[PDB]
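Student: The structure's right below; bear with me while I get my questions together.
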Amino acid sequence: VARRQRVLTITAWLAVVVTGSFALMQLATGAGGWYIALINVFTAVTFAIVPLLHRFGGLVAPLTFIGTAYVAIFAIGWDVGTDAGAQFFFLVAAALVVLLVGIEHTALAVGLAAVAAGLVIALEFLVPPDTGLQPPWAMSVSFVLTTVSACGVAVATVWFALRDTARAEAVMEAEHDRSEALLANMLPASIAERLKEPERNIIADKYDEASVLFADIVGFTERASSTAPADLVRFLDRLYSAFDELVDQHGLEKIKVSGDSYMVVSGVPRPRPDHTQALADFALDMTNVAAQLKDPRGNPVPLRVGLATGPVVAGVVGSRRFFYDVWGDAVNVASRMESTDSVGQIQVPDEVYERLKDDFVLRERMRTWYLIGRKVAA
Amino acid sequence: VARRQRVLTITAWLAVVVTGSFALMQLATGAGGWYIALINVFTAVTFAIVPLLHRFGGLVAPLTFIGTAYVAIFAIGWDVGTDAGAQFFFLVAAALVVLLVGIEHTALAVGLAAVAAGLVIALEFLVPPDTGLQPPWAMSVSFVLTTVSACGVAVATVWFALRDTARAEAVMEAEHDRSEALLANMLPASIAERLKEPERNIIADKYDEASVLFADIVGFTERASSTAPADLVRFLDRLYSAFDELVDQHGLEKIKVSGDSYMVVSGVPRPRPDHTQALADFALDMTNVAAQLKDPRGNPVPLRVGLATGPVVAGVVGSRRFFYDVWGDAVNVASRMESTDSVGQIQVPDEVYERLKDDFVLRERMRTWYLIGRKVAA
Amino acid sequence: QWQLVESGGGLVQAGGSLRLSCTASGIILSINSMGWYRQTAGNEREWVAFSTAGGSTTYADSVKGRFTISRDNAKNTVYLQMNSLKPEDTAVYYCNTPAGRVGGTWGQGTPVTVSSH
Amino acid sequence: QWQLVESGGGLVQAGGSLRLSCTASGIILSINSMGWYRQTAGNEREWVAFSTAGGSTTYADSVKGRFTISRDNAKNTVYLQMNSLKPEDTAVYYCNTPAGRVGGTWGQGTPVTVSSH
Amino acid sequence: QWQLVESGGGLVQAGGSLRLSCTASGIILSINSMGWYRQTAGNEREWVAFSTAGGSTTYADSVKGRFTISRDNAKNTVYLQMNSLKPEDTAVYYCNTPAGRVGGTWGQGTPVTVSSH
Ligand SMILES: CNc1ccccc1C(=O)O[C@H]1[C@@H](O)[C@H](n2cnc3c(=O)[nH]c(N)nc32)O[C@@H]1COP(=O)(O)OP(=O)(O)OP(=O)(O)O
Ligand SMILES: CNc1ccccc1C(=O)O[C@H]1[C@@H](O)[C@H](n2cnc3c(=O)[nH]c(N)nc32)O[C@@H]1COP(=O)(O)OP(=O)(O)OP(=O)(O)O
Ligand SMILES: [Mn+2]
Ligand SMILES: [Mn+2]
């Protein structure tokens, strides 16, 4: 109901400005006679009333305002001369009416314009041009004021309408931009376009290679027993915020966060040759930060980290409550290796060795060999 | 760059219409003389050129168009009489310019309007009113055409600008509405407003009572071994789509879907006295549908279902990749009872009995007693 | 009835003098410009004199320095002094405003003949 | 023979009212949830009403506050009061349980037409 | 003494260029990831650049394509080339590892001012 309010506001301001223009005209007149004054009180009163009575219903009220305007100007112009400037007002109004009325009434609007034109061709001929009523000069000043008012009314009304339109656009763009930013945060951009379409299809993407890291907390049930639930949720949020910012720095992706468990995936939105190295370095950094960060109890929070690597499948499932997801054998391997991983350590398999031994340090202990860290030498 | 294109389009169409109006005027003139024709070729050519040369840079080009217009009309009007109608054009232009130029140049625009007014007060006086050039009547037809053109140009230009604005609004509203619908689908409405704010705070909500249902697949690793991954993902999506629609029918909420596991929560967005009954009935219906639905292998897909009940905590955590979540002891109970549940059966504890025995059927076998189903009698 | 009636035309030798009078009813002359027009037959009528509201006047090149346009407000009339009259000025003279001028709503004018008799 | 037969559909003007009845043989309605479904042609049939075992009901957003789902145990039937009927509701209406709903084992439904005649 | 000292900040016009240097004592840069941070006052300090052990780097969206993060092992230092500088980048710049980043154990940074003088 916004197109509404644009129309109604411009009509109200237009009525106010015309009344203001007419009153100055009014006081200026001297020895002009009250045969005009009787019509003149009527015109001013009706113009002032229509904005106060613009509830009665429908589009008939704005049209009644114009009926009054046309009748008033015709009546004044007939008695006075053509040189006064009744001619210029009809021309302003012809352009103004189309702006005032909405698009579904364009045809009607066009007719109104024609009606105005029909008067003007008559106005030069039928009206006795230059019928002079009392002082002459005073009609000098009337013509000049007519020109200036005809310009100013149109300028102000047009500018006001433009202001409403631009401003509605501004609030609009902000209101949309916030939601778009949130959606962009929630999901990768490419898949968002696929979601938006009304156009239902399965999203399945096959990826030759990828790597998954799973991290979990130890003895969380303990720490829950001795702490209030509300405080515990805050602690979890703090921890995961730090982890999220580290991830965003490394450029890797996290699909989801489930309770204690934290999941990271490398290279599915885009493949890269060195995904495994990046994941290993990120895991080392995460262990450092975790051994750092502190819980309300004051005990350190150990984390078990398991890494797996292999092909994966990505895409949403369901018809409701979507999220990016991932799948593959590597996920099973990662969940396993995290589950059996010791406190404060990182566990990886025969594969993850092939790729990380050249380029990182692992040893000791399917068979699994612990990931110490990166090589000091460079 | 859309305000752009509105401005530029209206300018181009305006130039085209003025050229079209001028050419008819042109051909109509008879025995009018070529002293006018020399100016007249210049005016028409420049008007036609400016839309083709509107690249040169900046706001100087649209202003140059108006400089040419003012000079041309002043020059023609001086030689001819005032009654021709040079006066009406300046008045149309005064209103039109404000629309043509943007808001950051309003002040300049206002000055242009004043400039036009400055000419009009001069135009009546300084110009020799009614200097007649060859046939008289022909100037009849000139004045009438002047009026009609002055009306029509303004009407068409205004309507065209309004059309651009309304239409931009339409595409806009659609482009925003799709994203809003997706976001509404993803998360409950109330918490979405809390997310949207730039305004960072923890979201923790304490709920006195609630109930959780966990459902899981049996031997999914098998079925994965003998089936292609791509087909397996499609099967999962089909199953979860059916389950989602059943849930939406029952009115309950599902927080997330993780691999085989399916999670449903009752009564956290709004508490209700009979949440547990609703959850039990929903579980029975889900078992029916699951025993129905069929996998690619053709073997039935059994499901293990465990239900728990108790207080819970709800809210997002992290700083990235949010989703609604839930927490509490009931979640531990539910995960446990699902894990130990037998194939094709529903398992519930001493609590869930208190509330469901009066009103449902349970028995046999912390201690757990299997949920047969609902009482036949009514 | 918005009308303009001419008078004062007639018969005269080359080099004589006339005063054509124009009286209008239905309008106010003080707020109107004004023109004296004339038809021979070889053309439509070609404007020879014009006087504006404010006192300014102008003339055709063929006639300037010979005919004078003057006014009478208390009257609501306009006059054309005419001097140095000649066979080219033998014509039929009208009087108008631009609005009536362009709308074709005119009187009969007044005849002026320049010849020896 | 596990079957559900619909009835009560037919011809009516915009804004009228209907009562679609659904009777099932082969099952016990008291221990079953239940849904009313409807096909136009532009889609598969979209669930508009649902009533559970226990009395709970739910509706599609396009229709809520206008159609009412109610029950009859001693019968083994379900009814759909329908109010404020309109051209969008002109459709072909079915009635089912989720099991038959998902297995494709359905009746013919009942026709409902909203138009002036 | 595990410390990181910044340097190279100062005074410059819009569109100029800087090179902020970061030297650390107490650790080995080759085995560490790394970040450049910056505080205006309207917020805590928001990470604009990050370089990992292995050569990978990343940037905030507001700044990408303009500032470059580079390294010096034989040094144990990190550098931030900065281009296309502007009033929004007038800030106070810090340099760290994630561990110190999260523990609050930081230096004073270096001031960078973008304005005409
Ligand atoms: C070849 N493997 C697959 C190919 C395509 C799609 C899925 C799989 C697959 O192996 O899915 C399994 C996990 O990756 C997948 N999965 C588990 N956790 C996650 C997870 O956290 N994220 C993703 N994307 N998938 C997960 O669940 C599925 C079952 O693992 P569970 O731990 O739930 O045990 P179960 O096999 O169902 O037997 P049981 O529980 O009855 O004893
Ligand atoms: C009093 N309990 C809580 C109060 C506030 C916040 C969380 C809890 C809580 O118990 O969280 C646990 C699950 O609800 C919560 N949780 C598990 N699955 C889910 C889940 O699916 N959804 C939600 N919202 N929470 C879950 O994880 C947490 C740990 O359970 P795990 O199964 O991961 O085992 P563990 O205790 O970490 O020991 P271990 O794995 O090292 O052997
Ligand atoms: Mn866990
Ligand atoms: Mn599972």
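Residue numbers (the deposited numbering), protein chains in the order written: chain B, 41 to 405, 416 to 428; chain A, 41 to 405, 416 to 428; chain E, 6 to 122; chain D, 6 to 122; chain C, 6 to 122. C-beta: ideal position from N, C-alpha, C; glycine also.
#1: Please list the segments of the beta strand (DSSP E) lying wholly inside the region 298 to 336 of chain B, counting only runs of 3 or more residues, in order along the chain.
#2: Contact between the region 79 to 88 of chain B and the region 222 to 238 of chain B is defined here as three or more beta-carbon pairs at a separation below 8 Å; is this criterion met?
#3: Can you pull the chain C neighbours of B/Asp325, defined as C-beta to C-beta under 7 Å?
#4: Leaving out five residues before and five after D/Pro116 in sequence, what residues of the same chain have Cβ atoms less than 6 Å from its Cβ?
#5: Taking 7 Å as the threshold (beta carbon to beta carbon), is A/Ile106 in contact with chain B?
#6: Taking 7 Å as the limit between beta carbons, can you name the residues of its chain near A/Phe128, skipping five residues before and five after?
#7: With 16 other CB atoms within 10 Å as the buried threshold, where does B/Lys294 fall?
#8: Touch check for the region 261 to 271 of chain B and the region 35 to 53 of chain C: three-plus C-beta pairs under 8 Å?
#9: Just the Cα atoms here: how many angstroms apart are B/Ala153 and D/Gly40?
#10: Leaving out five residues on either side along the sequence, give the residues of the same chain with a beta carbon under 7 Å from the beta carbon of D/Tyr64.
#11: Pick out every residue whose C-beta is nearer than 6 Å to a heavy atom of ligand 3: which are they, in chain order?
#12: Which complete alpha helix (DSSP H) runs does the region 162 to 207 of chain B hold, if anything under 4 residues is left out?
#13: Please list the partners that B/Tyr280 has in chain A, where partner means a Cβ-to-Cβ separation under 9 Å.
#14: Going by the CB atoms, is the gap between B/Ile386 and B/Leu402 shorter than 7 Å?
#15: When you compare the region 102 to 119 of chain E with the region 169 to 180 of chain A, are there three or more beta-carbon pairs, one atom per stretch, that lie closer than 8 Å?
#16: Fully enclosed by the region 242 to 297 of chain B, which beta strand (DSSP E) runs are 3 residues long or longer?
#17: Relative to chain C, which residues along the region 326 to 356 of chain B have a C-beta separation below 8 Å, given in chain order?
#18: Taking the alpha-carbon positions, what's the B/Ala201 to B/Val85 distance?
#19: Quick check: is the beta carbon of B/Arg263 nearer than 7 Å to any beta carbon in chain A?
#20: Within 7 Å (strictly less), CB to CB, does A/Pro309 reach chain B?
#21: State yes or no: is the beta carbon of B/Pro91 nearer than 7 Å to at least one beta carbon in chain E?
#22: How would you write the range of the beta strand (DSSP E) that A/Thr418 sits in, first residue to last?
#23: Note the first and the last residue of the continuous alpha helix (DSSP H) segment covering A/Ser230.
#24: Report the three-state DSSP secondary structure of C/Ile32 (helix, strand or coil).
#25: Using alpha carbons as the reference points, say which of B/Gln332, B/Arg203, B/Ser298 and B/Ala255 lies closest to B/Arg46.
#26: So what's C/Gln18 in DSSP terms, helix, strand or just coil?
#27: Count Cβ pairs between the region 312 to 326 of chain B and the region 85 to 100 of chain C that sit closer than 8 Å; are there 3 or more?
#28: For ligand 2, any of its heavy atoms closer than 6 Å to the Cβ of A/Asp365?
#29: Where does D/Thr57 sit, in a helix, a strand or coil, going by DSSP?
#30: Does any C-beta atom of chain D lie closer than 7 Å to the C-beta of A/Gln385?
#31: Using only alpha-carbon positions, find the residue among C/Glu93, C/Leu16 and C/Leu9 that is nearest to C/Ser26.
#32: Could you give the DSSP three-state label for E/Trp41: helix, strand or coil?
#33: Flag this pair as yes or no: are the beta carbons of B/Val304 and B/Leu292 separated by less than 7 Å?
#34: Per DSSP, what kind of secondary structure is D/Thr73 in: helix, strand or coil?
#35: Thinking C-beta only, is A/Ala374 closer than 7 Å to A/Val258?
#36: The alpha helix (DSSP H) that contains B/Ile76, what's its start and end?
Tutor: Inspection of the coordinates gives the following:
#1: 301 to 306
#2: no
#3: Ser38 and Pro103
#4: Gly14 and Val97
#5: no
#6: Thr186, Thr187 and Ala190
#7: buried
#8: no
#9: 58 Å
#10: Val53, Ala54 and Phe72
#11: B/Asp256, B/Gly299, B/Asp300 and B/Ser301
#12: none
#13: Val357, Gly358, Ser359 and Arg360
#14: no
#15: yes
#16: 245 to 257
#17: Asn328, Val329, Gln332 and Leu333
#18: 25 Å
#19: no
#20: no
#21: no
#22: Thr418 to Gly423
#23: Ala229 to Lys236
#24: coil
#25: B/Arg203
#26: coil
#27: no
#28: yes
#29: coil
#30: no
#31: C/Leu9
#32: strand
#33: yes
#34: strand
#35: no
#36: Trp74 to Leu92
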